[PDB]
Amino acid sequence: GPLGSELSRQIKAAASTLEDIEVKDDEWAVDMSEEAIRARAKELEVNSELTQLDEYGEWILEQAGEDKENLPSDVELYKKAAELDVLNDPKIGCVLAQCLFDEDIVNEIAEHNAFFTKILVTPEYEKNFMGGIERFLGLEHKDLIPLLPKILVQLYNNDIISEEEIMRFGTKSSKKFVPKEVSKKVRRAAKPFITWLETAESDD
């Protein structure tokens, strides 16, 4: 056929590799091979910090529910972070950006100023928070991307995120949080605000 012997063999091998993964994943709970036992042991050590972040996000979502008006108090949000030992993890900003907000984000992002100042210790935390916003709008709620200019005004005016990190989010391609096509779309939706900022900084 049009593929040729070599490409047909490559495609068939890929399919079989994928089919084997599906069998291994589907039968994991009855798999007592040395490979599966060792893998389950490694997943515990490698994902310890991730499990702690997951538990924080799960608690936030479980306590607030669909509406973010039932969100635990900022004091409660901080206490749980300390309890789970995630305060020293820059990815806590990524968790908060993806779990604290709903469709009322423009109003919600400005209701936790003191909390963010205390939690976002370094620019790395701010970058992780911006990455989380990129995922929340670019991947999970594409319908809210039109709110990005307003979201950025709230971040800049309330000094929640530095001008430098807002500029990196709007002008730099980071493959760490979202795919390149999603990044391009978010930066475009941010351009109206970023252009204003670049001009305001040029005017000094």
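Residue indices: 1-based, along the sequence shown.
A.B. asks: Tell me which stretch has the larger mean Cα B-factor in this entry, 54 to 62 or 37 to 45.
C.D. replies: 37 to 45 has the higher mean C-alpha B-factor.
A.B. asks: Look up the CA B-factors in the entry and say which stretch, 152 to 160 or 66 to 74, has the higher mean.
C.D. replies: That would be 66 to 74.
A.B. asks: Between 103, 83, 89, 126, which one tops the list for Cα B-factor in this entry?
C.D. replies: Answer for 103, 83, 89, 126: 103, with the highest C-alpha B-factor.
A.B. asks: Looking at the temperature factor on the CA atom of residue 122, which third of the chain's modelled residues does it land in?
C.D. replies: According to the entry, residue 122 has a C-alpha B-factor in the chain's lowest third.
A.B. asks: Among the modelled residues of this chain, does the Cα B factor of residue 178 put it in the lowest, middle or highest third?
C.D. replies: Lowest third of the chain for residue 178's C-alpha B-factor.
A.B. asks: Should residue 147 be placed in the lowest, middle or highest third of its chain by the C-alpha B factor in the entry?
C.D. replies: Ranked within chain, residue 147 CA B lands in the highest tercile.
A.B. asks: Compared with the other modelled residues in the chain, in which third is the CA B-factor of residue 135?
C.D. replies: CA B-factor rank for residue 135: lowest third.
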